[PDB]
Amino acid sequence: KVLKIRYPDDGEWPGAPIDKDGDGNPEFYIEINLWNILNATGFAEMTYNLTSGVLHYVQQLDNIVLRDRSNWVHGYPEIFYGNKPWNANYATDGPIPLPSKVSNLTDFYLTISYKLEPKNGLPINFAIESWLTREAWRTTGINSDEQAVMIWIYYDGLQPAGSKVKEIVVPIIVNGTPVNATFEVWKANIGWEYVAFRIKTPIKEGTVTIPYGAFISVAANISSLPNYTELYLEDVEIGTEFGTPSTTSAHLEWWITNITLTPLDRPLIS
Ligand SMILES: OC[C@H]1O[C@@H](O[C@H]2[C@H](O)[C@@H](O)[C@H](O)O[C@@H]2CO)[C@H](O)[C@@H](O)[C@@H]1O
Ligand SMILES: OC[C@H]1O[C@@H](O[C@H]2[C@H](O)[C@@H](O)[C@H](O)O[C@@H]2CO)[C@H](O)[C@@H](O)[C@@H]1O
Ligand SMILES: [Ca+2]
Ligand SMILES: [Ca+2]
């Protein structure tokens, strides 16, 4: 009834599928994904109770030495739907057919119920990420003519890569109440084009619904990439980037109780 992955016990890259019906197609995939940590004392453990429906992440790391301080953050412990293009992990048992070309996808709501508890002022975000790639099923990384989209619905102590472009309004739902929220739009080129949407009013816990097309439409419209609508939206990743090159201790706990993607009857790009 309980799935657990644990760093460092399970190796430097713990991860596992969530496959509640045991049919060989995961509904989601979890990774501890401490992708910029070279060494640390302590541990990180992610547990999914299949029976109670709670994803619970506990991290207690110290003596942290990074792989490349120029990458700034330490990692991105996460859960995702679709094909994560950095590795051979995937989860495609869901209602939105990912990967799909941006031009063929419908819009969808993404609803997440969560609670974040960074300890001692640890810089963090709670960020939704998609990667947009030239091939349908990428498993070997990301090229300079491709895109990362991030949507930060919480942050503390981190700013997105690159420079600020503009602010936009996106209608979202927070704790059951519709609200117009403001997002700063940031753009960088860090080996690929990077577009981040940073909410101006961070939400540290609750149930949040966002319309995914509001973000991908603006990411398409400010992009410098050619033939944007031919890219494939590979996945939707949910997790917390954390840390800075000055951070040597990172204690963090969070919980996610629901992730739902709800298809809409309108195109993803408007
Ligand atoms: O590079 C940002 C990206 O890294 C991904 O991890 C890569 C890592 O960068 C590379 O050095 C290593 O060899 O491969 C892993 C993938 O297995 C990480 O998974 C992403 O979340 C992150 O955005
Ligand atoms: O390195 C990729 C990582 O960058 C993070 O932004 C850094 C930025 O790289 C640095 O130049 C700026 O001055 O500090 C910020 C952090 O506050 C970005 O937040 C991450 O999403 C991204 O993975
Ligand atoms: Ca399944
Ligand atoms: Ca993959």
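Both backbone and side-chain heavy atoms feed into the values below; hydrogens, waters and symmetry mates do not. We're numbering straight along the sequence, starting at 1.
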## Note on the structure
Between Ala127 and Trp152, the two heavy atoms sitting closest are CB-CD1, 3.6 Å
### Query
Can you check side chain to side chain contact (heavy atoms under 4.5 Å, CB included) on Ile128 and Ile112, steps first, answer last?
CA-CA 10 Å; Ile128 305 135; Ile112 311 170; 3.9 Å; yes
### Task
Decide salt bridge (charged side-chain N to carboxylate O under 4.0 Å, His left out) for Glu184 and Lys200; before the verdict, give the C-alpha distance in whole Å, the side-chain angles of both, and the deciding distance to 0.1 Å.
CA-CA 7 Å; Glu184 292 179 357; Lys200 282 204 82 142; 3.3 Å; yes
### Message
Test your reading of the model: is there a side-chain donor-acceptor pair from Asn227 to the backbone of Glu230, 3.5 Å cut-off?
### Response
no
#### Entry: Polar side-chain atom of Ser249 near backbone of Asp62 as donor-acceptor pair, under 3.5 Å
no
### Residues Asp235, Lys84: salt bridge by 4.0 Å N-O rule
no
### Query
Is there a side-chain contact between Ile168 and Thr182, using heavy atoms and a 4.5 Å cut-off?
no
#### Entry: Qualifying residue, where the test is side chain to side chain donor-acceptor pair (under 3.5 Å) with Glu237 and the options are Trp86, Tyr29, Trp131
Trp131
### Message
Are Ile79 and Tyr57 packed together at the side-chain level, in the sense that at least one heavy-atom pair is separated by less than 4.5 angstrom?
### Response
no
### Query
What do the steps show when you test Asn120 against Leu122 for side chain to side chain contact (heavy atoms under 4.5 Å, CB included), and what is the final call?
CA-CA 6 Å; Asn120 287 165; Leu122 176 63; over 6 Å; no
### Query
Considering only heavy atoms from C-beta outward, does the side chain of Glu167 approach that of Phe183 to under 4.5 Å?
no
### Query
Hey, does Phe242 have a side-chain heavy atom less than 4.5 Å from the side chain of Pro123?
no
### Query
Between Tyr81 and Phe28, what is the ring plane arrangement, given parallel below 30°, perpendicular above 60°, and tilted in between?
perpendicular
#### Entry: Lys164 side chain to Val185 backbone, donor-acceptor under 3.5 Å
no
### Task
With the side chain counted from C-beta on, respond yes when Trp192 and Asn143 share a heavy-atom pair under 4.5 Å apart, and no when they do not.
no
### Hydrophobic cluster membership, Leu110 vs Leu98, 4.5 Å side-chain cutoff
yes
### Task
Output, in order, the C-alpha distance, side-chain angles, deciding distance and verdict of side chain to side chain contact (heavy atoms under 4.5 Å, CB included) for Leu61 and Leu34.
CA-CA 11 Å; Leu61 297 166; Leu34 301 176; 3.9 Å; yes
### Query
Listed by chain and number, what are the side-chain contact (heavy atoms from CB on, under 4.5 Å) partners of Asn189, not counting sequence neighbours?
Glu193
### Message
Is there a side chain to side chain donor-acceptor pair (under 3.5 Å) between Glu146 and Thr133? Walk through the geometry before answering.
### Response
CA-CA 5 Å; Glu146 293 168 340; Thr133 55; 5.1 Å; no
## Note on the structure
Rounding to 0.5 Å, atoms OG1 (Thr201) and CD1 (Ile203) come to a distance of 5.5 Å
### Cluster check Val170, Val195: I/L/V/M/F/W/Y, side chain < 4.5 angstrom
yes
### Task
Indicate if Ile153 and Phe215 have the same hydrophobic cluster label, given that clusters are the connected sets of ILVMFWY residues with side-chain heavy-atom separations under 4.5 angstrom.
yes
### Query
Between the main-chain N or O of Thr244 and the side-chain N or O of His74, is there a donor-acceptor pair closer than 3.5 Å?
yes
#### Entry: Heavy-atom pair with the smallest gap, counting every atom of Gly121 and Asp156
O-OD2, 4.4 Å
### Message
Between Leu225 and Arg134, is there a side-chain heavy-atom distance shorter than 4.5 Å?
### Response
yes
### Check: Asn175 side chain, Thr207 main-chain N or O, donor-acceptor pair, under 3.5 Å
yes
### Message
Measuring centre to centre across the rings, with the benzene-like ring taken for any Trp, is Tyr155 within less than 6.0 Å of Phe126?
### Response
no
### Task
Could you pull out the closest heavy-atom pair between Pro97 and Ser100, with the gap in Å?
O-OG, 2.6 Å
#### Entry: Spacing of CD belonging to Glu78 relative to CD belonging to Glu129, to within rounding of 0.5 Å
7.5 Å
### Query
Backbone N or O of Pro77 within a donor-acceptor pair of the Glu31 side chain at under 3.5 Å?
no
### Query
Minimum heavy-atom separation for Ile199 to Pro202, with atom names?
CG2-CA, 3.7 Å
### Query
Which residue pairs pass the side-chain hydrogen bond (donor to acceptor under 3.5 Å, both in side chains) test with at least one member in residues 17-28, sequence neighbours excluded?
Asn25-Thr92
### Query
When you measure from the side chain of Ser217 to the backbone N and O of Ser270, does any donor-acceptor pair fall under 3.5 Å?
yes
### Query
Can you check whether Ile269 reaches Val102 side chain to side chain, under 4.5 Å on heavy atoms?
yes
#### Entry: Under 3.5 Å donor-acceptor, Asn33 side chain and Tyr76 backbone
yes
### Query
For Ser103 and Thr229, what are the C-alpha separation, side-chain angles and deciding distance, and is it a side chain to side chain donor-acceptor pair (under 3.5 Å)?
CA-CA 5 Å; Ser103 64; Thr229 61; 5.3 Å; no
### Query
With a cut-off of 6.0 Å (strictly less than), are more than 12 heavy atoms of other residues, nucleotides or ligands near OH of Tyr109?
no
### ILVMFWY cluster, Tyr154 and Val236 together (side-chain gap under 4.5 Å)
yes
Show me the donor-acceptor pairs within less than 3.5 Å that the side chains of residues 64-71 make with the rest of the protein, sequence neighbours left out.
unit_1 : atom_1 : unit_2 : atom_2 : d
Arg67  : NE     : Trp35  : O      : 3.4
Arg67  : NE     : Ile37  : O      : 3.2
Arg67  : NH2    : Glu12  : OE1    : 3.1
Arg67  : NH2    : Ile37  : O      : 3.2
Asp68  : OD1    : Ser70  : N      : 2.9
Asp68  : OD1    : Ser70  : OG     : 2.7
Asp68  : OD2    : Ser70  : OG     : 3.4

### Message
Ignoring hydrogens, what is the shortest heavy-atom contact between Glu45 and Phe43? Give both atom names and the distance.
### Response
N-CD1, 4.1 Å
### Query
Any side-chain heavy atom of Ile256 sitting closer than 4.5 Å to one from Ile238?
yes
### Query
So, the side chain of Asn125 versus the backbone of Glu241: is there a donor-acceptor pair under 3.5 Å, distance only?
yes
## Note on the structure
The side chain to side chain contact (heavy atoms under 4.5 Å, CB included) partner of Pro14 among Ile32, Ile30, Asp9 is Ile32
### Same apolar cluster: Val54 and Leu50, side chain cutoff 4.5 Å
no
### Query
Does the ring center of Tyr194 lie less than 6.0 Å from the ring center of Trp186?
no
### Message
Is it the case that the side chain of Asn83 and the backbone of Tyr90 share a donor-acceptor pair, with hydrogens and angles ignored and the cut-off at 3.5 Å?
### Response
no
### Query
So, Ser223 versus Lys187: side-chain donor-acceptor pair below 3.5 Å or not?
no
### Query
Which pair of heavy atoms, one from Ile173 and one from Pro178, lies closest together, and at what distance?
CG2-N, 3.9 Å
### Task
Please round to the nearest 0.5 Å and tell me the distance separating atom OG1 of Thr106 and atom OH of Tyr212.
13.5 Å
### Message
Could you check whether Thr41 and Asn63, counting side-chain N and O atoms only, form a donor-acceptor pair closer than 3.5 Å?
### Response
yes
### Query
Would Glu117 and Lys115 pass as an ion pair if we require N to O under 4.0 Å?
yes
### Task
Kindly indicate, with the supporting measurements, whether the criterion side chain to side chain contact (heavy atoms under 4.5 Å, CB included) is fulfilled by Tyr114 and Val208.
CA-CA 9 Å; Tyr114 64 97; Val208 179; 3.7 Å; yes
